[PDB]
Amino acid sequence: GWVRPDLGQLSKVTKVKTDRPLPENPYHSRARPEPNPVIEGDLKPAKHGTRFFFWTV
Amino acid sequence: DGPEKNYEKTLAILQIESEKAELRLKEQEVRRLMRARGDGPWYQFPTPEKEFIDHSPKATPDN
């Protein structure tokens with residue numbers, strides 16, 4: 001009773017059911033280093049201007 | 001005008017120049033730490049972009 005598969009049929013992606021659990025960390029990767037703390041708040045003008053030598057503003 | 005005006009404007013000038021002086025010294029301290037430790041917003045030198053890593057199933061399994 002074996003029917004030969006048609007052209008294109010064997011190359012399909014198929015879904016399969018398995019009792020095996022899904023690996024959680026297949027790469028055995030470490031924990032990523034924590035990002036730099038972000039600085040928050042609203043912008044204010046530079047305090048006393050540019051402060052470049054003798055320039056007042 | 002009386003001597004008060006020049007006297008008190010000098011205090012105002014002194015306060016500004018003093019605070020600029022301490023802000024100038026503090027920036028150099030901040031820059032030094034930020035450049036040596038890389039933990040701040042400055043001196044963040046680039047690293048490769050991770051969005052161009054291909055995460056699709058490959059031709060072989062062990063990748």
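Letters A, B, ... are given to chains in the order of the sequence lines, protein chains preceding strands, and every chain is numbered from 1.
With hydrophobic clusters built from ILVMFWY side chains whose heavy atoms lie under 4.5 angstrom apart, B:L23 does not share a cluster with B:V30. Note on B:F45: it clusters hydrophobically with B:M34, by side-chain heavy-atom contacts below 4.5 Å among ILVMFWY residues.
Surrounding NZ of B:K26 are at most 12 heavy atoms belonging to other residues, nucleotides or ligands under 6.0 Å away. The number of heavy-atom neighbours closer than 6.0 Å to CD of B:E19, taken from other residues, nucleotides and ligands shown, is above 12.
Proximity to chain B (any heavy atom under 4.5 Å) is shown, for A:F54, by neither the backbone nor the side chain. Neither the backbone nor the side chain of B:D62 comes within less than 4.5 Å of any heavy atom of chain A. B:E17 does not touch chain A: none of its heavy atoms, backbone or side chain, sits under 4.5 Å away.
Judged purely by atom type and a 3.5 angstrom limit, A:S11 uses its side chain to pair as donor or acceptor with the backbone of A:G8. Within the 3.5 Å criterion, the main-chain N or O of A:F53 finds a donor-acceptor partner in the side chain of B:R24.
Smallest separation of non-hydrogen atoms from B:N63 and B:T60: OD1-O, 2.5 Å.
Within residues 23-52 of chain A, the residues having any heavy atom less than 4.5 Å from a heavy atom of chain B are, in residue-number order, A:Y27, A:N36, A:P37, A:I39, A:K47, A:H48, A:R51.
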